[PDB]
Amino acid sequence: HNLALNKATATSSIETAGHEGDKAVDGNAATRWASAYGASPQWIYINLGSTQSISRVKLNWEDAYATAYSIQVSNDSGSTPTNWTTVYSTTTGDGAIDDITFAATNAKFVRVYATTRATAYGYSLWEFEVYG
């Protein structure tokens, strides 16, 4: 059960209309979030809507994937998280599907914080799935 499905999202940026964060959590492999281009970090987070115990994230990257990124959680109250905790990071991402597991943790928000690009574009996810 994908706890991210159709939850509210926010992003650091978007490439164009139609590439919003909601596109990464629609369960559709043919729609994607895509960030602005360039060498800045970028990110997408999901408001899970309630505290959930999570242990697994599945990323389905488009060709503009991150070689370096972290998965982070927040347990802030409200709808605007500001404190993040890294639960997993890599510097050797290889794109396509990334199936990530980590110690189960409470989380109200989950963020992909992407820091090194595989390409000279931005970063883009067809899907960002979250599992207990």
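Heads up: residue numbers just count along the shown sequence, starting at 1.
> If you average the CA temperature factors over each stretch, which comes out higher, 80-88 or 41-49?
Comparing 80-88 with 41-49, the higher average CA B-factor belongs to 80-88.
> Output the stretch having the higher mean C-alpha B factor in the entry; the candidates are 91-99 and 66-74.
That would be 91-99.
> If I read the C-alpha B-factors straight from the PDB entry, which of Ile14, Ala120, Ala114, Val110 is highest?
Max CA B-factor in the entry, restricted to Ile14, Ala120, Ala114, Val110: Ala120.
> Once the chain's modelled residues are ordered by C-alpha B factor and cut into thirds, is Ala30 in the lowest, middle or highest one?
Highest third.
> Is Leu125 in the lowest, middle or highest third of its chain when residues are ranked by C-alpha B-factor?
Its C-alpha B-factor, which the entry lists for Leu125, ranks in the lowest third among residues of this chain.
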